[PDB]
Structure formats: structure tokens, C-alpha cells
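Protein sequences appear in the order of chains A, B, C, D and E.
Counting with the UniProt record's numbering, you get residues 66 to 107, 120 to 175, 194 to 463 for the letters of the first sequence.
Take any residue in the second sequence, note its place counting from 1, add 296, and you have its number in the UniProt record's numbering.
Take any residue in the third sequence, note its place counting from 1, add 3, and you have its number in the UniProt record's numbering.
Take any residue in the fourth sequence, note its place counting from 1, add 5, and you have its number in the UniProt record's numbering.
Take any residue in the fifth sequence, note its place counting from 1, add 3, and you have its number in the UniProt record's numbering.
The beta carbon of each residue, even a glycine, is placed where N, CA and C say it ideally should be.
Structure first, commentary second.
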Amino acid sequence: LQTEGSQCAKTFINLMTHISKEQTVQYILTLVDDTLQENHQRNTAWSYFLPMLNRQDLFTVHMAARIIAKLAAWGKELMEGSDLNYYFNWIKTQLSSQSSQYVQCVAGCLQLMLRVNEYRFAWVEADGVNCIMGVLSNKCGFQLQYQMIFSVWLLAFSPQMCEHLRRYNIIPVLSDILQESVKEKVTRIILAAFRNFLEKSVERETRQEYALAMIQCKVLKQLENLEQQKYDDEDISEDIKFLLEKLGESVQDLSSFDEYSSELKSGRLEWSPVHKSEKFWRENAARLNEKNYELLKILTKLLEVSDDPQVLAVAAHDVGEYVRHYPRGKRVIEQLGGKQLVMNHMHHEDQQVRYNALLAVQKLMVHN
Amino acid sequence: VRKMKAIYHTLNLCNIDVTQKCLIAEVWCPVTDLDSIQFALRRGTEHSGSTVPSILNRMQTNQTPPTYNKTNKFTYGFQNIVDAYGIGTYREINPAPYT
Amino acid sequence: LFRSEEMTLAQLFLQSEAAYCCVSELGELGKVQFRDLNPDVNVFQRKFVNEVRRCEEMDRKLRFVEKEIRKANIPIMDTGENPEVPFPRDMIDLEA
Amino acid sequence: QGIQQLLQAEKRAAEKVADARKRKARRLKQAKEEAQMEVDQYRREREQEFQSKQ
Amino acid sequence: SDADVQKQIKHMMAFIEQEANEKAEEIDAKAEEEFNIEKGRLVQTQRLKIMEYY
């Protein structure tokens with residue numbers, strides 16, 4: 066009972082390797098995992126026990142993975158990151174999702208290595224992060240998804256790693272996990288993963304993580320009813336109010352018309368929350384006339400010359416919302432002949448540009 | 297929507313939730329109908345993706361139980377005619393087969 | 004059928020994740036008598052009074068549409084088929 | 006009955022969250038006091054360039 | 004079946020370790036902002052005191 070375990074470790078390490086009784090060696094490895102779980106030093122010998130492990134038995138592969146995670150994530154001089162880039166490649170086959196009964200356990204061993212900061216930089220470079228994307232694709236992620244979102248939540252702390260992880264479709268794949276919300280602990284870490292993403296960016300490329308991520312997805316509309324629910328854990332109730340205030344400004348800060356001017360002058364006229372928001376059109380009432388009513392005339396020009404199976408419905412929506420907020424603009428589009436263009440474009444074969452132009456042509460003639 | 301309102305209405309009827317992050321329900325059920333509810337509840341939790349099957353504990357309290365009668369399309373008219381005067385207690389003879 | 008049916012007062016242990024799916028399957032079976040554990044509470048603070056409001060406005064808009072079609076006289080076929088209960092992951096998609 | 010087994014089981018699950026709430030308010034004080042151990046030490050990190058420019 | 008009182012202690016106590024470890028390891032993993040990035044606040048403060056001697 067506490068027996069100043071310090072000596073006889075070299076006799077135990079020699080006994081852990083040389084013994085052909087795998088039943089006793091699994092019991093020897095389980096006693097080492099139980100004892101060293103709450104105590105200190107037991120890393121050249123750590124590299125030595127790795128080659129005798131990871132072979133031909135289901136018990137010793139993850140029990141060594143338990144003790145090699147405890148050895149690598151604990152200790153100052155025991156930090157041996159050169160052995161870490163060595164270690165990841167051997168168990169990467171086991172880290173694949175082709194195994195049964197152990198995909199949950201090695202994910203737990205993966206979280207211990209992903210805890211400390213310098214271990215994370217060498218991880219994601221050697222990773223090929225698609226291993227997380229493989230299990231994030233539907234493969235019965237009841238507990239498995241909670242382990243992997245906890246892994247990427249660890250990857251959000253260091254600032255330069257945030258622009259490393261953004262070369263993917265991460266957050267709308269993650270918001271697809273958020274809309275399920277069955278486990279009630281996957282949503283507490285995937286909202287924390289949204290916070291640790293958004294808070295720790297020193298750049299203006301947080302707006303890269305709204306357009307891909309937040310405003311253009313079914314997450315911000317979901318966060319309104321996330322506030323309405325009755326959660327108990329106090330960090331969640333401050334996680335939603337932090338995300339609601341960060342995304343509350345994020346809808347109108349591009350809802351400026353500048354961006355819209357960046358959209359209109361450069362073209363391509365995409366589907367954006369600046370078009371559906373009425374506080375946009377509450378502001379830019381006279382701003383088309385501030386641009387000498389060319390800013391409307393450049394919009395009907397791209398409406399004229401191009402067929403545009405998607406953005407013509409956006410262009411038909413843009414002339415509709417301006418006309419409701421300025422009655423003299425009805426006379427403006429009559430001088431340009433854009434009404435007869437909407438008359439032609441409402442008879443189009445596509446239903447989205449038909450429905451938008453029908454609302455556009457009926458906004459022109461509310462009162463005559 | 298009228299089903300989903302009913303399930304959320306009876307979850308308001310369900311547990312105080314102070315005990316754990318789970319729901320407790322003291323429901324009444326027929327004793328001879330007990331294999332069908334357990335066969336349904338075992339695959340009912342499977343749709344939610346849970347590996348933990350919900351369990352059914354039997355109590356031995358002294359609250360008065362309600363009555364229940366096997367009701368057909370034919371004997372329903374003769375049942376509520378008897379039931380209009382007074383509801384039968386637990387295991388009294390129903391006069392409805394004689395009615 | 005001269006004696007009775009006999010009742011049990013069993014006790015359920017429903018998990019938080021398996022709270023909608025089991026009770027919905029119990030309703031299709033239809034042989035349970037859910038009893039009020041807390042009668043001395045008001046109409047709110049019942050843990051699920053948030054979206055039972057939202058089911059009522061989804062019912063309120065659907066009562067408005069049912070008035071609208073019969074006002075325009077398009078009599079709708081029934082085609083009698085009892086559908087299955089929608090999951091709460093489909094509940095957010097239903098308001099849209 | 007079963008809820009009597011669940012009342013102390015909830016309490017030990019709440020207690021395992023409770024001591025985690027206190028070691029994070031304990032190491033937080035130590036995080037500020039381990040960051041000022043460099044005051045003893047990073048003056049010796051200044052000492053190597055004192056010999057270099059001399 | 005008398006195994007329900009065993010089934011109660013089987014998996015509802017498995018919910019306890021779901022609250023025990025996975026919620027405390029969440030708080031244990033909240034040290035990169037509470038210990039590591041608060042380390043960087045004061046070691047950058049006394050990095051000035053290296054330069055003022057330098």
C-alpha cells in the first residue's frame with residue numbers, strides 16, 4: 066500500500082516483454098495501467126515497450142495504448158515528441174474505422208495525446224485529418240462522434256492551427272451533427288468547438304467561418320431555439336449567448352451594401368443573408384440613387400444579358416425589395432424597360448426564377 | 297403535429313427530473329399484456345440510437361387501480377350504457393356481458 | 004369476460020435520449036396510463052413546455068390552411084394510411 | 006426501490022463534476038504563480054547574453 | 004425476470020461514468036486556456052524585464 070514504488074521497474078519491464086504467457090502478460094500490463102493511472106514516473122524504455130506491443134492480441138494493443146498515452150502526455154523530461162511522430166503511423170491502421196469493439200477505446204487514447212499543445216502541431220501535419228472525417232460520416236456515431244468532436248475541440252486552442260484546419264468543409268459537416276442533438280453531450284462540445292474556433296482567431300478570416308460555417312447554414316436559425324431550451328450545465332447557457340452575440344453582429348456587418356456593392360460590381364450575385372434581411376433594405380433606400388441610378392441600372396443590365404439559372408432569382412428579389420421601400424423607383428424601372436424583362440423572366444422554365452419574378456412583378460404594381 | 301403535441305403533453309406529465317437526467321413514469325398497464333409492451337419498448341429505444349435499454353420495474357403499492365374491459369366493436373355500446381351510471385371498481389363482475 | 008382486466012402500476016425508466024422514441028411507440032400500442040408525479044406545479048416548468056407551444060403554433064398555422072383550401076373549394080382526398088411519428092430532428096425542418 | 010439507488014448515484018456523479026470545478030479554480034491561482042517562477046529563472050536566461058556581449 | 008435490479012445497476016451506473024469521466028476530462032482539457040495561455044500573459048510581461056537589462 067503505496068510501497069514507495071520506485072525500484073524494481075527494470076525487473077518489471079524485462080518481465081513485461083519476455084513472457085510467452087499472454088494471459089499473464091495482459092494481467093501484468095493491466096496492473097501497470099491501474100497503478101500508474103494516478104501516479105508518477107515508471120522515455121527510451123517507452124519506445125522499447127512499443128515494439129513488443131501492437132501485435133497479435135486484442136488485450137495488449139489497447140492496454141499498452143493506455144499506458145503509452147499516460148507516459149507521453151505526462152512529464153517534462155518525459156516529453157519525447159520525436160518518438161511521437163514515430164508512434165502515430167503504427168496505430169494509424171488501428172485508428173482507422175475498420194476495427195470493431197476498439198474504435199471507441201483508441202479514440203480515448205487519442206484524446207490524451209491531443210491534450211498537450213506541442214503534440215497537436217505534429218499530429219495534424221502527419222494526420223491526413225480525413226480519419227476524423229471518415230467517422231464523422233455516418234458510422235453509428237453515438238459515442239464515437241463525441242470522442243472525435245472532443246478531439247477537434249482540442250485542435251482549436253492554438254491560433255495558427257485554426258487556419259490549418261480550415262482547408263475542409265468542417266463546420267457544416269459539424270452542424271449536421273448539431274441538428275441531430277440526441278446525446279445531449281455531443282451538443283455541449285460541438286457548441287464549445289464553435290466557440291474555441293471563433294474566439295481564437297487573430298485575423299479577419301473569422302468571416303471565412305461565417306460564410307462557409309455560420310450564416311449560410313442551418314445553425315444560426317437553430318441557435319434561437321437552443322436558447323429556448325432548459326439546459327442545466329451553466330457553461331452551455333453562456334456558450335449560446337456568446338455565439339448569439341458573435342453571430343448577432345455577423346449578419347449585419349456585411350449587410351452594409353458595400354459587400355453588396357462588392358457583390359454587384361464584381362458580379363456572380365450569390366445567395367446571401369444580406370438579401371433576405373429587411374434591415375439591409377431599410378438602410379439602402381436611396382443608396383441606388385446615391386450611385387446616380389446606375390447601381391440599379393447595373394443590376395438590370397446583368398438581369399438582361401445573362402440567363403443565370405440561380406442568381407436571376409436573386410436579381411429579381413433585389414429589384415422587388417427596393418420598389419416596396421421607394422415608390423419613385425417604380426417609375427425608374429419603367430424608363431429602363433426592366434419591367435418587360437421580368438415579364439419575360441417570370442415565364443421561365445425554372446420554378447425558382449418564376450416564383451421570385453412573380454413577386455417582383457406584383458411589387459411593381461401595388462398602387463399604380 | 298397533433299401526435300407530437302400529445303407526446304410532449306405526456307412528457308409534461310412525466311418525471312420531476314430531479315432524480316437524474318432521465319425520465320421516470322409510474323404507468324398502469326395490464327398484467328397479461330406485459331409481453332407486448334416490453335417487446336415494443338425494447339425496439340422503441342433502438343430508433344433513438346441508444347445502447348441502453350429502458351427497464352420496467354413492477355411496484356406493490358396500495359393506490360386504487362383503474363378498471364379495464366376488453367372492448368369489441370359490438371360490446372362497446374353495451375359497455376358504456378352500464379358505465380354511464382357508475383364506473384366499475386377493481387375486479388367487480390361487469391354486468392355488460394349480461395346486459 | 005365476466006371478471007375484469009387487472010392492472011399493475013409498473014414503473015418506467017426512460018433515458019433522456021430515449022424519451023421521445025419510446026413514448027411515441029407506447030402511443031401506437033396504446034395500453035398505458037401515465038400518472039402525474041408532480042400535480043403541485045403550474046402549467047409551465049414541466050421541462051417540455053417550450054416546444055409544446057411550438058407544436059400549437061404549427062397547429063395554428065395548419066388550422067389556417069385548412070380553412071383556406073375549403074374556402075377555395077379544393078376537397079382533399081384522405082387515402083387512409085396512418086403515418087409514423089416524426090422525430091424531433093424533423094421538427095426543426097417542419098417549421099421551415 | 007430503484008430511485009433510491011439512483012439518488013446517491015446522481016450525487017457521486019455530481020460530486021465528480023464538483024471537484025473538477027474546484028481544481029480548475031485552484032490551478033488557476035497556480036497558473037499565475039508558476040508564470041512568475043520565470044522571474045527566478047529567465048534572468049538566468051538573460052545571463053547567457055551578458056557573457057556573450059562581454 | 005428478477006434481472007431488472009441487476010439491469011438497473013448495469014447501465015444506469017454506466018451513465019455515471021459518462022458523467023464522471025467525460026465531463027471532468029472536459030474540464031481537465033480546459034487547461035490550454037486556463038494554464039497555458041495564461042502562462043503566456045506573464046512570461047511576455049517579464050520578457051520586457053529581460054530586454055530592459057539587455
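Any C-beta of chain B under 8 Å from that of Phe237/A: Within the first sequence, residue 237/A is the residue found at index 142, counting from 1. Yes, its Cβ sits closer than 8 Å to a Cβ of chain B.
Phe370/B, buried or exposed, once every other Cβ within 10 Å from all chains shown has been counted against 16: For the purposes of this step, residue 370/B is taken as residue 74 along the second sequence, with counting starting at 1. Exposed, since its Cβ has fewer than 16 Cβ neighbours within 10 Å.
Supposed contact pair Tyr386/B and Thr363/B - C-beta distance, whole angstroms, cut 8 Å: Locating residue 363/B in the second sequence gives position 67, counting from the first residue. Locating residue 386/B in the second sequence gives position 90, counting from the first residue. With a Cβ gap of about 6 Å, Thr363/B and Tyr386/B count as contacting.
Reduced DSSP category for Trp324/B - H, G, I as helix; E, B as strand; rest coil: The sequence position of residue 324/B within the second sequence is 28, counting from 1. The answer is strand: DSSP assigns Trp324/B an E or B state.
First through last residue of the beta strand (DSSP E) which encompasses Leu383/A: Counting from 1 along the first sequence, the entry for residue 383/A is found at position 288. Run containing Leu383/A: none in the beta strand (DSSP E); it sits in the alpha helix (DSSP H), 382 to 385.
Contact list for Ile320/B against chain D, beta-carbon separation under 8 Å: On the second sequence, residue 320/B is found 24 positions in, with the first residue counted as 1. At a beta-carbon threshold of 8 Å, the residues of chain D lying near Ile320/B are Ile8, ordered along the chain.
Residues near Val46/C by beta carbon distance below 8 Å, same chain, minus five either side: Start at 1 with the first residue of the third sequence, and residue 46/C comes out as number 43. Counting only Cβ-Cβ distances below 8 Å, and skipping sequence neighbours, we find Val52.
CB contact flag (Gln347/A, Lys374/A, <8 Å): What you label residue 347/A is simply residue 252 of the first sequence in a count that begins at 1. What you label residue 374/A is simply residue 279 of the first sequence in a count that begins at 1. Yes, these two residues count as a Cβ contact at 8 Å.
Residues in the segment 350 to 361 of chain B having any Cβ partner in chain E nearer than 9 Å: Only those residues of the segment 350 to 361 of chain B whose C-beta falls short of 9 Å from the nearest C-beta of chain E are listed: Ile351, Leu352, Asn353, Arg354.
The segment 326 to 342 of chain A in contact with the segment 350 to 366 of chain A per 3-pair CB rule at 8 Å: Taking 8 Å as the limit for Cβ pairs, the verdict is that the segment 350 to 366 of chain A does not touch the segment 326 to 342 of chain A.
Nearest to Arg38/C (by Cα), restricted to the options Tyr394/B, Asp379/B, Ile377/B, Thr306/B: Numbered from its first residue, the third sequence carries residue 38/C at position 35. Just measuring C-alpha positions, the residue of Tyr394/B, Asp379/B, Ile377/B, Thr306/B sitting nearest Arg38/C is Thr306/B.
C-beta contact flag for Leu459/A and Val418/A at 8 Å: Sequence index remark: in the first sequence, residue 459/A carries index 364 (1-based). Sequence index remark: in the first sequence, residue 418/A carries index 323 (1-based). Yes, these two residues count as a Cβ contact at 8 Å.
Any chain D beta carbon closer than 8 Å to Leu51/E: Position 48 of the fifth sequence, counted from the start, is the residue given in the question as residue 51/E. Taking Cβ atoms only, chain D never reaches closer than 8 Å to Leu51/E, which makes this a no.
C-beta contact flag for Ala288/A and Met243/A at 8 Å: Locating residue 288/A in the first sequence gives position 193, counting from the first residue. Locating residue 243/A in the first sequence gives position 148, counting from the first residue. No. Outside cutoff.
Whole beta strand (DSSP E) elements within the segment 253 to 290 of chain A, 3-residue minimum: The DSSP assignment places no complete beta strand (DSSP E) segment of no fewer than 3 residues inside the segment 253 to 290 of chain A.
CB-CB length for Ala408/A against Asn451/A, believed under 8 Å: Residue 408/A sits at position 313 when you count from the first residue of the first sequence. Residue 451/A sits at position 356 when you count from the first residue of the first sequence. Rounded, the Cβ-Cβ distance is 4 Å, consistent with contact.
Outcome for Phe16/C when other beta-carbon atoms lying within 10 angstroms are tallied against a minimum of 16: As a working mapping, residue 16/C is identified with position 13 in the third sequence. Classification of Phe16/C: buried, given that the 10 Å Cβ count is 16 or more.
Chain-order list of residues whose beta-carbon lies under 7 Å from that of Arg283/A (same chain, five-residue window excluded): Taking the first sequence and counting its residues from 1, the one referred to as residue 283/A is at position 188. Excluding residues within five positions, the ones whose Cβ falls inside 7 Å are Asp328, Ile331.
Residue environment, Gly343/A, which counts as buried when at least 16 other CB atoms sit within 10 Å: Counting from 1 along the first sequence, the entry for residue 343/A is found at position 248. Burial call: exposed.
Start-to-end residues for the beta strand (DSSP E) that takes in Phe16/C: Stepping through the third sequence from its first residue, residue 16/C is reached at position 13. In the DSSP assignment, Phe16/C falls within the unbroken beta strand (DSSP E) covering 13 to 18.
Chain-ordered neighbours of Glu37/E on chain D, where CB pairs are closer than 8 Å: Within the fifth sequence, residue 37/E is the residue found at index 34, counting from 1. Going along chain D in sequence order, the residues near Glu37/E (Cβ under 8 Å) are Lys29, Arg32, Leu33, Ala36.
Beta-carbon contacts of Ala150/A that lie in its chain and below 8 Å, excluding the five residues immediately before and after: Numbered from 1 along the first sequence, position 73 holds the residue referred to as residue 150/A. The answer, listed in chain order, is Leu207, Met208, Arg210, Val211, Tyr214.
Within chain B, the residues that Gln11/E reaches when beta carbons sit closer than 8 Å: As a first step, residue 11/E must be located in the fifth sequence, where it is residue number 8. Residues of chain B passing the Cβ test: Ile351, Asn353.
Proximity test, Cβ basis, 8 Å: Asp7/E and chain B: Sequence index remark: in the fifth sequence, residue 7/E carries index 4 (1-based). Closer than 8 Å to the CB of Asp7/E there is at least one CB belonging to chain B.
C-beta contact flag for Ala40/D and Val8/E at 8 Å: As a working note, residue 40/D is residue 35 in the fourth sequence. As a working note, residue 8/E is residue 5 in the fifth sequence. In this structure, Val8/E does not lie closer than 8 Å to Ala40/D by Cβ.
Cβ-Cβ distance between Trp376/A and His412/A below 8 Å: Within the first sequence, the letter at position 281 stands for residue 376/A. Within the first sequence, the letter at position 317 stands for residue 412/A. Not closer than 8 Å, so no.
In chain order, each alpha helix (DSSP H) run of at least 4 residues that lies wholly inside the segment 288 to 319 of chain A: Runs of the alpha helix (DSSP H) inside the segment 288 to 319 of chain A: 303 to 306.
Three-state secondary structure assigned by DSSP to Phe216/A: Taking the first sequence and counting its residues from 1, the one referred to as residue 216/A is at position 121. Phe216/A sits in a helix when the DSSP states are folded into three classes.
Separation of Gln49/E from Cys310/B, as counted between CA atoms: Numbered from its first residue, the second sequence carries residue 310/B at position 14. Numbered from its first residue, the fifth sequence carries residue 49/E at position 46. Using only the alpha carbons, I get a separation of about 59 Å.
Where the alpha helix (DSSP H) through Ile72/C begins and ends: Stepping through the third sequence from its first residue, residue 72/C is reached at position 69. It spans 54 to 74 - the alpha helix (DSSP H) in which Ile72/C sits, taken as one unbroken run.
Chain B within 8 Å of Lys70/C, Cβ atoms only: Within the third sequence, residue 70/C is the residue found at index 67, counting from 1. Chain B contact via Cβ: absent.
Span separating the alpha-carbon of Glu31/C from that of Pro89/C: Position 28 of the third sequence, counted from the start, is the residue given in the question as residue 31/C. Position 86 of the third sequence, counted from the start, is the residue given in the question as residue 89/C. If I take the Cα positions, the gap works out to 13 Å.
Neighbour-count burial assignment, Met42/D, 16 or more Cβ in a 10 Å radius: Here residue 42/D is taken as the residue at index 37 of the fourth sequence, counted from 1. Exposed.
Positions along the segment 8 to 36 of chain C whose CB lies within less than 7 Å of some CB in chain A: Near chain A, meaning a CB-to-CB distance below 7 Å, the residues of the segment 8 to 36 of chain C are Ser19, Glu20.
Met228/A to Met309/A span [Cα, whole Å]: The residue given as residue 228/A occupies position 133 in the first sequence. The residue given as residue 309/A occupies position 214 in the first sequence. Their Cα atoms are separated by approximately 19 Å.
Cβ-Cβ separation, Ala13/C to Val323/B (assumed contact under 8 Å), whole Å: Within the second sequence, numbered from 1, the residue matching residue 323/B stands at position 27. Within the third sequence, numbered from 1, the residue matching residue 13/C stands at position 10. So it is a contact: roughly 6 Å between Cβ atoms.
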